[PDB]
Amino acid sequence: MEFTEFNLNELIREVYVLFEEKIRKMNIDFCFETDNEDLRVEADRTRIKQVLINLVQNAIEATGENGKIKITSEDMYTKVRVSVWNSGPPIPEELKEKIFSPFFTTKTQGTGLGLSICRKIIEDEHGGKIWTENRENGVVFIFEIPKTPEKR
């Protein structure tokens, strides 16, 4: 893996641009907010991009037509936190960790959830944490990564 310094918000916007047409076609209300425009991390940009694409794809599928997605990025002491929320039904308590298993596959609309690989990227490769919670009439997926491999 290749760690480089990059603006995390720039990467989030790059991923939004990938989905902009689909989001609009589906009439989804999307918003992105940050608490620090110059939020920079040292991480593997390609791999973090893969996690973002996977979470946004899942948010769109989950929220469906006329849905809502909100992304936030937050600058924490030795880490950053990215939260991707969608309006939709809550994840049942028994499935919260099972969705991250390489052998969760009770999921279609044509595609697997990809979350075991997201976990590998966030937790194994970057020493962070990724989890889900139910909130505000929807579901959030949150990841945190150390700002540098040295703050792991």
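What we label the rigid core is the largest C-alpha set whose atoms superpose within 1.5 Å from one form to the other. The numbering used is simple: start at 1 and walk along the sequence shown.
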In terms of RMS C-alpha distance in 4 other deposited structures of this protein following rigid core superposition, 97 to 105 and 118 to 126 differ, and the farther one is 97 to 105
The stretch carrying the higher mean Cα B factor in the deposited entry, 43 to 51 or 24 to 32, is 24 to 32
With B-factors read from the PDB entry, the higher C-alpha mean of 82 to 90 and 33 to 41 is in 33 to 41
Per the deposited B-factor column, the C-alpha that peaks among 122, 56, 95, 62 belongs to 95
Split the chain's modelled residues into thirds by Cα B-factor; residue 70 lands in the lowest
Residue 117: C-alpha B-factor third of its chain, per the entry, is the lowest
